[PDB]
Amino acid sequence: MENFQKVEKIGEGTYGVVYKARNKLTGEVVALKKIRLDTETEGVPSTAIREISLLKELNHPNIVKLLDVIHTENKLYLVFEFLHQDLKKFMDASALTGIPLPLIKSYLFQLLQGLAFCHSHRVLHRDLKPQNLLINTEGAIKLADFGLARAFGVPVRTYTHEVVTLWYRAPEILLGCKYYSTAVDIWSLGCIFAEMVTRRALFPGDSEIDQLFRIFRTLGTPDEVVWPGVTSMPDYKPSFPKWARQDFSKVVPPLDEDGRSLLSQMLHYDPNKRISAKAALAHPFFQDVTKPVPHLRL
Ligand SMILES: CCc1nn(-c2c(Cl)cc(Cl)cc2Cl)c2nc(Cc3ccc(O)c(O)c3)[nH]c(=O)c12
């Protein structure tokens with residue numbers, strides 16, 4: 001749009017391209033998202049616009065602010081606050097030491113807080129990944145693309161057409177459940193969390209069935225004792241191999257005992273069992289929470 005001096009592409013990003021931009025009236029430096037053609041053309045659906053218009057109100061310190069919504073020319077453009085780094089890049093930069101525990105803790109504490117806020121208002125993320133977790137020089141972290149991550153509907157090929165990433169999807173969704181809940185985002189965070197401690201992805205699936213089976217190898221195949229309802233689930237197959245539950249000390253060393261109870265609660269199979277974001281805030285794990293300031297440079 002014509003009020004925006006484009007500064008740089010900052011990454012092709014699911015629903016469409018996101019530039020760093022400057023606005024001339026304000027003088028602010030922002031992130032400008034161009035929302036991919038259909039949904040963009042013909043015209044946005046009256047519903048895409050209305051749902052998006054709700055986001056604008058849903059403001060929390062650990063959600064990236066939706067600054068504006070230029071609906072114009074039958075194009076759709078979303079103007080977010082800018083952040084200099086994502087958490088993936090930081091993990092990548094931290095690879096040889098690891099991220100320090102106190103920082104991990106702080107990150108985790110804050111992410112839980114915004115997910116609780118959103119969740120209260122019945123809004124879910126649906127696609128949490130380290131690349132939409134967004135940090136600043138002041139020891140902070142926010143969720144990006146919250147509630148987009150539905151209003152248009154997730155791309156299978158992404159973008160252009162490498163895949164999304166199934167690494168963080170909750171098993172409900174993989175199994176063909178349709179009316180899933182806030183627990184999904186819970187499932188993702190815990191996958192994020194293990195990745196911070198171990199320096200490897202918990203479950204790197206490269207297909208839906210490899211994603212599924214990767215989970216069952218580590219966590220057991222689910223039965224009706226641990227997950228009541230399971231076998232009636234749409235894509236559930238009686239022919240699924242049964243694997244045994246691995247022990248958590250093996251899978252994410254060296255998390256402490258409180259860390260591992262945390263983790264396991266966010267990894268519960270049954271959705272109505274998984275810990276919520278508001279109980280998790282209460283866990284002994286966050287006893288010693290502080291607020292370190294990280295090591296960037298530029
Ligand atoms: C909220 C708007 C925004 N969206 N994305 C982004 C996300 Cl959240 C997910 C995905 Cl898959 C791709 C992108 Cl592109 C962003 N990435 C960065 C980090 C960044 C910062 C400076 C850069 O030059 C750069 O290449 C990347 N900074 C941002 O402000 C931002």
# chains A, B, ... in the order shown; residues from 1 in each chain; ligands from 1
>>> closest_atom_pairs(of="chain A", to="ligand 1", cutoff="6 Å", atoms="only C-alpha atoms and all ligand atoms", output="JSON lines")
{"residue": "A:10", "atom": "CA", "partner": "ligand 1", "partner_atom_place_in_ligand_line": "25 (O)", "distance": 3.8}
{"residue": "A:11", "atom": "CA", "partner": "ligand 1", "partner_atom_place_in_ligand_line": "14 (Cl)", "distance": 3.4}
{"residue": "A:12", "atom": "CA", "partner": "ligand 1", "partner_atom_place_in_ligand_line": "14 (Cl)", "distance": 5.4}
{"residue": "A:13", "atom": "CA", "partner": "ligand 1", "partner_atom_place_in_ligand_line": "12 (C)", "distance": 3.7}
{"residue": "A:14", "atom": "CA", "partner": "ligand 1", "partner_atom_place_in_ligand_line": "11 (Cl)", "distance": 5.7}
{"residue": "A:18", "atom": "CA", "partner": "ligand 1", "partner_atom_place_in_ligand_line": "14 (Cl)", "distance": 5.3}
{"residue": "A:31", "atom": "CA", "partner": "ligand 1", "partner_atom_place_in_ligand_line": "2 (C)", "distance": 4.8}
{"residue": "A:80", "atom": "CA", "partner": "ligand 1", "partner_atom_place_in_ligand_line": "1 (C)", "distance": 5.2}
{"residue": "A:82", "atom": "CA", "partner": "ligand 1", "partner_atom_place_in_ligand_line": "29 (O)", "distance": 4.0}
{"residue": "A:83", "atom": "CA", "partner": "ligand 1", "partner_atom_place_in_ligand_line": "29 (O)", "distance": 3.9}
{"residue": "A:84", "atom": "CA", "partner": "ligand 1", "partner_atom_place_in_ligand_line": "20 (C)", "distance": 4.3}
{"residue": "A:85", "atom": "CA", "partner": "ligand 1", "partner_atom_place_in_ligand_line": "18 (C)", "distance": 4.3}
{"residue": "A:86", "atom": "CA", "partner": "ligand 1", "partner_atom_place_in_ligand_line": "18 (C)", "distance": 4.7}
{"residue": "A:131", "atom": "CA", "partner": "ligand 1", "partner_atom_place_in_ligand_line": "9 (C)", "distance": 5.0}
{"residue": "A:132", "atom": "CA", "partner": "ligand 1", "partner_atom_place_in_ligand_line": "8 (Cl)", "distance": 3.6}
{"residue": "A:144", "atom": "CA", "partner": "ligand 1", "partner_atom_place_in_ligand_line": "8 (Cl)", "distance": 4.8}
>>> residues_around(residues="residue 163 (chain A)", least_positions_apart="3", cutoff="12 Å", atoms="only C-alpha atoms", output="PyMOL selection string")
chain A and resi 13-14+154-160+166-167+205-208
>>> write_last_selection(atoms="C-alpha atoms", output="CSV table (one decimal), in the first residue's frame")
chain,number,residue,atom,x,y,z
A,13,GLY,CA,5.2,-16.5,5.8
A,14,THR,CA,2.3,-18.9,5.4
A,154,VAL,CA,-3.9,-23.5,7.0
A,155,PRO,CA,-2.0,-24.0,3.8
A,156,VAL,CA,-0.9,-27.5,3.1
A,157,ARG,CA,1.8,-26.3,0.7
A,158,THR,CA,3.7,-23.5,2.1
A,159,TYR,CA,4.9,-21.1,0.5
A,160,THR,CA,5.7,-21.7,-2.4
A,166,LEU,CA,3.5,-31.1,11.1
A,167,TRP,CA,6.1,-31.2,13.9
A,205,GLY,CA,7.6,-35.8,11.2
A,206,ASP,CA,7.8,-35.6,7.5
A,207,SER,CA,4.3,-36.9,6.8
A,208,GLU,CA,1.2,-37.2,8.8
>>> residues_around(residues="residue 36 (chain A)", least_positions_apart="4", cutoff="9 Å", atoms="only C-alpha atoms", output="MDAnalysis selection string")
chainID A and resid 14:17 40:41 76
>>> residues_around(residues="residue 48 (chain A)", least_positions_apart="3", cutoff="8 Å", atoms="only C-alpha atoms", output="MDAnalysis selection string")
chainID A and resid 44:45 51:52 151:152
>>> residues_around(residues="residue 141 (chain A)", least_positions_apart="2", cutoff="7 Å", atoms="only C-alpha atoms", output="PyMOL selection string")
chain A and resi 62+107+133-136
>>> residues_around(residues="residue 64 (chain A)", least_positions_apart="5", cutoff="8 Å", atoms="only C-alpha atoms", output="PyMOL selection string")
chain A and resi 59+80-81+142-145
>>> closest_atom_pairs(of="region 190-249 of chain A", to="region 112-121 of chain A", cutoff="12 Å", atoms="only C-alpha atoms", output="Markdown table")
| residue | atom | partner | partner_atom | distance |
| --- | --- | --- | --- | --- |
| A:190 | CA | A:112 | CA | 10.5 |
| A:192 | CA | A:112 | CA | 11.9 |
| A:193 | CA | A:112 | CA | 11.3 |
>>> closest_residue(among="A:291, A:283, A:237, A:199", to="residue 96 (chain A)", atoms="only C-alpha atoms")
A:199
